[PDB]
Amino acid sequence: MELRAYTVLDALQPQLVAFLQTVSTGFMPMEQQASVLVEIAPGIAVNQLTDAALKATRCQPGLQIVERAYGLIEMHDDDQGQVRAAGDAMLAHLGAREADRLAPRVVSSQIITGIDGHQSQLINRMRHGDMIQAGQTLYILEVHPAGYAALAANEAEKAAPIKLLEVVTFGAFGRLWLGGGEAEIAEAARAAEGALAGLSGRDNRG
């Protein structure tokens, strides 16, 4: 098993919670809960980590995804101590440490101001979070590995009042779409990429 991504979110922000409540297949997170996300290869082996975390802690799983190649587990609890114990149990099962994850790589990042009404339509049709209106500012981010998109979303939301349009935290690449005012989006993007730049991990230049 290879550790691809590992992140602890100290407190889930309300828009990310509402988004996860929309798309998650397990037990629903609630506002301000702590969360840990672990992405590994091979995919189906993530079930071993879920079992390790559940037998060790009272965390509940919100997301478990076995996709084309990779596997992702998200677990949450009111108490950060429980979420960190769950992460510890999963890392122990892997024989790994936190820094054995891949360092996040920003593949693509752009702020698009004054979006055309035809492009807001395309985003609205695709997204599962909030809607966007013509003339607002759009932030798009693509990251590798995918598991770091949730951290980027949560840190964006902490930093400025923006709208979470879509976050995809599994796949070959992770993706984030935000909408809002120009100044607010610039601050949110600053915070999201700053959070990713500060993480330890294996070289991942692609």
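Residue numbers run from 1 along the displayed sequence.
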**Message:** Using only C-alpha atoms and the B-factors in the entry, which stretch averages higher, 90-98 or 116-124?
**Reply:** 90-98
**Message:** Regarding 181-189 and 17-25, which shows the higher C-alpha temperature factor on average in the entry?
**Reply:** 181-189
**Prompt:** Out of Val143, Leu165, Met30, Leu37, which one has a C-alpha B factor higher than all the others in the entry?
**Reply:** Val143
**Chain third (lowest, middle, highest) by recorded CA B-factor, residue given as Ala45** = highest
**Request:** Relative to the other modelled residues of the same chain, rank the CA B-factor of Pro61 and answer lowest, middle or highest third.
**Result:** lowest
**Request:** Give the position of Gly129 by CA B-factor within its chain, expressed as the lowest, middle or highest third.
**Result:** lowest
**Prompt:** Compared with the other modelled residues in the chain, in which third is the CA B-factor of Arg105?
**Reply:** highest
**Item:** Cα B factor band for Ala52 (lowest, middle or highest third within the chain)
**Value:** highest
